[PDB]
Amino acid sequence: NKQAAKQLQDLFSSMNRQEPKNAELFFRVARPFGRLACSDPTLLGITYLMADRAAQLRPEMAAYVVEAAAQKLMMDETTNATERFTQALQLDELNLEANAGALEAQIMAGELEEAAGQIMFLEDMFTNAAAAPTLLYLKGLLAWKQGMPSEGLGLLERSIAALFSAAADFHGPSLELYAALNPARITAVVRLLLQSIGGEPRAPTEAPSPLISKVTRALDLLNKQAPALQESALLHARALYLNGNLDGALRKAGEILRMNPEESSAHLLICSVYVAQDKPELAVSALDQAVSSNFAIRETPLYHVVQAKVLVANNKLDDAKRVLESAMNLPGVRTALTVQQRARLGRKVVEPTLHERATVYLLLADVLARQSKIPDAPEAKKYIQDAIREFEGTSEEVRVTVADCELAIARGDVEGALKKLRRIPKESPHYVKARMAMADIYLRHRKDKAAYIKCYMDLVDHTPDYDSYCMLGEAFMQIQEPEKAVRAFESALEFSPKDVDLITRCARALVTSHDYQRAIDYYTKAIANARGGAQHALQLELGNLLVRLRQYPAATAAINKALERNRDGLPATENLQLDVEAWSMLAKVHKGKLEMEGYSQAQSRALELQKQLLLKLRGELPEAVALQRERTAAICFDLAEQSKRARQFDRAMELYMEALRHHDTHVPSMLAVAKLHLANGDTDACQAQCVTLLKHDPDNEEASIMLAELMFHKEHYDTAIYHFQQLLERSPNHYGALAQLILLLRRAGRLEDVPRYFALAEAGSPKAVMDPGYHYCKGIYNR
Amino acid sequence: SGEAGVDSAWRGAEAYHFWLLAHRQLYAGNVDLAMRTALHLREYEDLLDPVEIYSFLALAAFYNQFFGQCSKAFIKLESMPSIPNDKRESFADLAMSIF
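The rules behind each value
Residues numbered from 1 in each chain as written, not as in the entry; some residues may be left out. Chains lettered and ligands numbered in written order. Part of a larger assembly, values for the part shown. Heavy atoms only, no water. Helix = DSSP H or I, 4+ residues; strand = E, 2+ residues; numbered from the N terminus. Areas by Shrake-Rupley, 256 points an atom, 1.4 Å probe, with all protein chains shown as cover. Contact = heavy atoms within 4.5 Å. Buried area = accessible area lost by both parts, 1.4 Å probe. Salt bridge = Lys/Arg side-chain N within 4 Å of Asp/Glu carboxyl O. Polar contact = N/O pair within 3.5 Å; in protein donor to acceptor, adjacent residues only side chain to side chain. Nonpolar A, V, L, I, M, F, W, Y, C, P; charged D, E, K, R; others polar. Buried < 20%, exposed > 50% of the residue type's maximum accessible area, 1.4 Å probe, protein only. Core = buried A, V, L, I, M, F, W, Y, C linked by side-chain atoms within 4.5 Å. 1 Å grid on protein atoms, 1.4 Å probe; cavity = no way out; pocket = protein on both sides within 12 Å on 5 of 7 lines; lining within 4 Å. Points joined across faces, edges and corners; volume = space filled by probe spheres on them. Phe/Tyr/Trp six-rings, centres within 6.5 Å; stacked < 30°, edge-to-face > 60°. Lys NZ or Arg CZ within 6 Å of the ring centre and 35° of its normal. Disulfide = S-S within 2.5 Å. UniProt positions renumbered as here; feature names shortened; annotations may be inferred.

As recorded in the PDB header, cryo-EM is the method behind this entry, and the stated resolution is 20.7 Å.

Here you go:
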């Protein structure tokens, strides 16, 4: 805001000697970035300020006024959102943007059900407008506010897909992009879909939730559109924290803390991931990072959950209990806040999702159980029953019966937990997740595979969900019948394909059951869970499957087609490195096609592409400055090896030079140039490679051992036997090194540390005297 | 108590006698009889390390090229991984190459 604040201040100073209000002037002040106010609160003080100075000047046109009330609506501040939307409704009542935004304003101004009574007229006029962004976000938002998620999920994802299609015209993070990408409505969809999980850790190998996968894919696409938005990376890694991708969330939060100077929500995410990864001291370190950013972030349910369970992980029962009590005693988590508070408070209150509140109740129950002796305190049972009662029979619940299911897990009353789980028929709460909980408890804690499969028997009996038959497959995997595991995975998949996880789990059971044809068919039936580029899979991955099924001409077709790919937003040069890699293992396919000269040409063009990468892949995680000079060295190594297969070591000489000049520090390049100089008869060149390696690393096995033998070459065997006795101290019964040191010492005129290293070969290992190399070496010792 | 019969009475001592028999026969040219007396410990895998007998049978029966036992060994070396995931995935790759 700093340059923004000074530009605002001398802007308002400059407004004096020009027109203090002007229509097009004030529209162009903010409207490409007044499409949104969703990343930070710094976006408002100019966009809505001069939106008021433009629309209260004149509200006639719909674009900036409606979208400015929309960005007033992405922090749910209806007050001003309804003000501009209703001045539009007074001026242009029925429109693509005006009435759509007005109903959007209504459906979080407490009128959740009051903006869904004009369906016929709005539908016919919307069809007329489409025949002769805000509409689709309206439809998804309206479907979400009524209570049912799935229609809201689908139409909100359609809205963000349309805004991404509007985003695809731009080569990067642009102001015009932020107008057309519209991260306002997309961020609203994302934050409205983080409520399915909340502050909880999430796993896709459990009952898999594809909606957070869609959110992750969408935010990856918007990061591709704009790696210059803090909400892009922020909510992307937030969804990653809710998609089971935890360390990726850590890396993207570190990217945030790079791209913005600080971010309290990034530290919230880092400590959330750490406690979701169960990393307690790191969790409290990142918690104190957030605290140093702000201790005022404590009173919000996301940071309430993550700080509470960090301080549980930190084992500060005072701190964890005080965070959980501020969740309880101060309203906001104990009591579900109303929708009308969104108008009053702005970006402070959202309707608290019930997974998160029941998680708070469960955590407080568990810490009072730990404060007691048995894991059932009166307060523990009270909060378990509260996590039951406040979360019965709804869509956002996790505990109708799962709370005392887990409490009885703590008590060991798994069968009482089992009948408690019998009380619920479907995964409106955590039916399936407590199913796998008590089932794995039966499997390992109780050592009962029969009850392990019986839990999923009764789960598929109650709700025949796809995850239920998936865990039928998992228990059949356990019973040492992986074919049954396969068959229950197709039972799960052909019940309903709801996630790529299920079909790819079927493919993985086909992999472990040695039936790869349907495995890779499911890999070509699990194309991608959402958009982001399917032909990359359908070409490179498909060529990999053809390599697996041994179709190398088809591999060449698919992979040579793969290496002309592209992305959206900013397509960075990983397109070109994947072209290089597709060409390189395309050359590997050519080698598998027995084309030895075909290998030479294809791997030489991969060599020259990695020579580009030797100069163009140097930064962007800049370990590539060593990686690619290793890679082009190794590909000219493989081409030198092909020249050996073409029967020319002088070409191997040239490409060993070429590997040396790719990477000087390249240790096997020193080996290769030394060995084919010794083929030419150059011990001095090998000693020069020893010197260069000694510069590259002072104590290497090559450097020390072969330095020792190179002055041993003039009968200085003490250093040679010293380095080889170091070798058989480090590697006691290394039979090649055993033979080498024993013959060297014998030819050093020494038979004294010969049986010492024979005994050291069998000192720590009481199975070494019967070893074959030890047999041979002790034999030649007796010779 | 123990397994039925006087011949199966001291089933722990019998278990380790058969296990040391397997260990001796692995390097005495009797690798198949080591496989049979480790199939003896397919019952006696509870008192010893089950991963030890599993890897013993899998990595000296696949290398004996008993193709049905090769398939079962690679089932064990891919499904339910008790073999450490490095060599488990290496023999998974071999299963994806062999079978």
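Once you've had a look at it, read on.
Participant: What should I look at first to understand the overall build of chain A in this one?
Facilitator: If you tally the helices and strands in chain A, you get 42 helices and zero strands. Taken along the three principal axes of its C-alpha coordinates, chain A extends 105 × 70 × 50 Å. Counting only carbon and sulfur atoms, one obtains 56% of the accessible surface of chain A, whose full area is about 33,900 Å².

Participant: Sorry if this is basic, but what is going on with the interface of chain B and chain A here?
Facilitator: Note on interface size: it is often stated as the accessible area lost on association of the parts. On the side of chain A, 11 residues touch chain B, which itself brings 12 residues to the contact. Note on chain B versus chain A: buried area summed over both sides is about 1,000 Å², and carbon and sulfur give 56% of it. Among the residues chain B hides against chain A, the three largest losses belong to B:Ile75, B:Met80 and B:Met96. Together they make up 46% of the total. Scanning the region where chain B abuts chain A turns up zero salt bridges. Across the contact surface, chain B and chain A share four residue pairs in polar contact. Top contributing element to the side of chain B that touches chain A by residue count: helix α4 (residues 67–76) of chain B, with four residues. A class-by-class count of the residues in the side of chain B that touches chain A yields seven nonpolar, three polar and two charged.

Participant: I would appreciate a short explanation of the environment of A:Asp386 in the present structure.
Facilitator: Residues and elements named next belong to chain A. Looking at where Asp 386 falls in the secondary structure, it is placed in helix α21 (residues 378–389). As for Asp 386 and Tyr 361, which are separated by 25 residues in sequence, their C-alpha atoms are 6.9 Å apart. Ignoring sequence-local partners within four residues, the contact set of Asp 386 consists of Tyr 361 and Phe 391.

Participant: Sorry, what's going on with the pattern of salt bridges here?
Facilitator: Side chains that differ in sign of charge can pair as their charged atoms come close. All names here are of chain A. Taken as a whole and assessed by the stated rule, the structure comprises 40 salt bridges over all chains. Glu 490 is paired through a salt bridge with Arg 518; the nearest N and O atoms lie 2.8 Å apart. Taken together, the residues span a long stretch of sequence, with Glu 490 in helix α27 (residues 482–495) and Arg 518 in helix α29 (residues 516–523) at a distance of 28 residues. Residue classification places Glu 490 among the buried positions, given a relative accessible area of 13%. Of the charged contacts, one joins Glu 658 and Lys 611 as a salt bridge, the two residues approaching to 2.7 Å between their closest N and O atoms. Here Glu 658, found in helix α35 (residues 649–662), pairs with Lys 611, found in helix α33 (residues 596–616); they are 47 residues apart in sequence, far enough to count as distant. A single network of salt bridges, built from pairs that share partners, joins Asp 76, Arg 191, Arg 342 and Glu 351.

Participant: I would appreciate a short explanation of unusual backbone geometry in the present structure.
Facilitator: Phi is mostly negative for residues that are not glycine, and the peptide bonds are mostly trans. Of note, the phi angle at A:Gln480 is positive, near 60°, even though the residue is not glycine. The residue A:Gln480 is located in the loop between α26 (466–478) and α27 in this model. In this structure, B:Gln65 is a non-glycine residue whose phi angle is positive, near 60°. With respect to the secondary-structure elements, B:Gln65 resides in the loop between α3 (50–61) and α4.

Participant: Whenever I open this one, the nonpolar core confuses me. Can you help?
Facilitator: Nonpolar side chains tend to gather and get buried jointly when the protein is soluble and globular. Residue and element names in this part refer to chain A. Ranked by size, the top nonpolar core spans 123 residues in total, and within it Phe 85, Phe 164, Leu 181, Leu 194, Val 215, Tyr 241 and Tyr 303 carry the most contacts. Sort the elements by how many residues they give to this core and helix α20 (residues 354–371) lands first, with 11 residues. Setting aside chain neighbours within four positions, we find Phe 85 in contact with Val 66, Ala 69, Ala 70, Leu 73, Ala 98, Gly 101, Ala 102 and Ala 105. Among the nonpolar cores identified, the runner-up in size contains 38 residues, and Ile 559, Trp 583, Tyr 599 and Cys 636 belong to it.

Participant: What is the right way to look at the layout of surface pockets in this model?
Facilitator: The gaps left among the atoms become clear once a water-sized probe is rolled over them. Of the volumes computed, that of the second largest pocket is approximately 1,500 Å³. For the second largest pocket, the lining is made up of 49 residues, of which A:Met477, A:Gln478, A:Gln480, B:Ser79 and B:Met80 are closest to its centre. Here the element with the most residues in the lining of the second largest pocket is α4(B); it accounts for six residues. A breakdown of the residues in the lining of the second largest pocket according to their chemical character gives 22 nonpolar, nine polar and 18 charged.

Participant: Hey, could you run me through the packing of aromatic side chains in this one?
Facilitator: One pair of aromatic rings is described through two measures. These are the centre distance and the angle between the planes. Counted under the stated rule, the structure contains 16 aromatic pairs over all chains. Ring geometry for B:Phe62 versus B:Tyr63: centroids 4.7 Å apart, planes at 65°, classification edge-to-face. Residue class for B:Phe62 comes out buried when judged on its relative accessible area of 6%. Through a chain of ring-to-ring contacts, the aromatic side chains of B:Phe62, B:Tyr63, B:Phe74, B:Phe91 and B:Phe99 assemble into a single cluster. In this structure, A:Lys72 is placed above the aromatic ring of A:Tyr48, and the distance from its NZ or CZ to the ring centre is 4.2 Å. If you follow A:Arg756 out to its NZ or CZ, it ends over the ring of A:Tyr757, 4.7 Å from the centre.

Participant: Would you mind going over the state of the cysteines with me for this structure?
Facilitator: Residues and elements named next belong to chain A. In the structure shown here, the tally under the stated rule is zero disulfides over all chains. Of the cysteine sulfurs around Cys 455, a residue in no disulfide, the closest is that of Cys 405, at 10 Å. Overall, the relative accessible area of 0% leaves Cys 455 in the buried class.

Participant: Explain the UniProt feature "repeat: TPR" (unreviewed entry) in chain A to me, please; I cannot follow it from the model alone.
Facilitator: Residues and elements named next belong to chain A. Sites flagged by UniProt as "repeat: TPR" (unreviewed entry) map to residues 466–499 and 701–734. With 79% helix and 0% strand, residues 466–499 has its two end C-alpha atoms placed 9 Å apart. Across residues 701–734, helical content stands at 76% and strand content at 0%; the span's end C-alpha atoms are separated by 14 Å.

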